[PDB]
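I have placed the structure first, in the form of structure tokens, so that the comments after it can refer back to it.
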Amino acid sequence: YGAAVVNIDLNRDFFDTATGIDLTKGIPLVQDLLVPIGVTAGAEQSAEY
Amino acid sequence: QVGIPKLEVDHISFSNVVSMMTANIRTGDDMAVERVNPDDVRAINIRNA
């Protein structure tokens with residue numbers, strides 16, 4: 001009797017970090033993969049996703 | 001109208017109206033532009049013309 005919002009994540013317990021997926025923020029997000037080439041320090045996230 | 005030293009005889013005249021700069025011309029405040037480089041080096045038009 002309090003809950004506030006109830007999202008529908010992506011069951012963090014299944015997509016364990018044994019699938020290199022850091023899922024907190026909301027969306028999946030593997031680290032080094034289809035990374036873009038020739039860009040500043042950041043930029044490696046619009047598609048890290 | 002008048003002779004015009006040079007375009008006339010040779011009487012080296014000794015007195016002229018020299019126009020000069022009111023005060024030093026190169027005193028500090030050297031121009032300085034900020035530079036932004038494209039952030040992708042892969043999406044750089046280059047085409048046309």
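Lettering and numbering for the structure tokens are positional, with chains as A, B, ... in the shown order, residues counted from 1 in each chain, and ligands counted from 1 in the shown order.
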
**Message:** Based on only C-alpha atoms, which of the residues in chain B come within 8 Å of chain A? I want them as a list in words.
**Reply:** residues 39, 40, 41 and 42 of chain B

**Message:** Residues near residue 13 in chain A, anyone? I mean within 12 Å using only C-alpha atoms, not counting same-chain ones fewer than 4 positions away, as a VMD selection string.
**Reply:** chain A and resid 9 17 to 19 21 to 24

Saved selection, atoms kept: N, CA and C atoms, as a CSV table (one decimal), in the first residue's frame:
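Output file again_34.csv follows:
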```csv
chain,number,residue,atom,x,y,z
A,9,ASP,N,10.4,-3.5,-16.4
A,9,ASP,CA,11.7,-3.6,-16.9
A,9,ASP,C,12.0,-4.5,-18.0
A,17,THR,N,24.5,-10.2,-15.7
A,17,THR,CA,25.7,-9.7,-16.3
A,17,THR,C,26.7,-10.8,-16.8
A,18,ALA,N,26.1,-11.9,-17.2
A,18,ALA,CA,26.8,-13.0,-17.8
A,18,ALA,C,26.5,-12.9,-19.2
A,19,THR,N,25.8,-11.8,-19.6
A,19,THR,CA,25.4,-11.5,-20.9
A,19,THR,C,25.9,-10.1,-21.1
A,21,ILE,N,25.3,-7.4,-20.0
A,21,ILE,CA,24.3,-6.4,-20.1
A,21,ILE,C,24.1,-5.6,-18.8
A,22,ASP,N,24.5,-4.3,-18.9
A,22,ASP,CA,24.3,-3.4,-17.7
A,22,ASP,C,22.9,-2.8,-18.0
A,23,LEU,N,21.9,-3.4,-17.3
A,23,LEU,CA,20.5,-3.0,-17.6
A,23,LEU,C,19.8,-2.0,-16.6
A,24,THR,N,20.5,-1.5,-15.6
A,24,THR,CA,19.9,-0.5,-14.7
A,24,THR,C,19.1,0.7,-15.4
```

Residue neighbourhood residue 33 in chain A, 10 Å, only C-alpha atoms, exclusion window fewer than 6 positions, as a PDB file with C-alpha atoms, in the first residue's frame:
```pdb
ATOM      1  CA  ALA A  47      24.732   3.468 -29.716  1.00  0.00           C
ATOM      2  CA  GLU A  48      26.376   1.688 -26.782  1.00  0.00           C
ATOM      3  CA  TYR A  49      22.665   1.018 -26.473  1.00  0.00           C
TER       4      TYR A  49
END
```

**Request:** Between CA of residue 37 in chain B and CA of residue 32 in chain A, measure the distance and give it in Å to one decimal.
**Result:**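 Taking CA of residue 37 in chain B and CA of residue 32 in chain A, their separation equals 25.5 Å.
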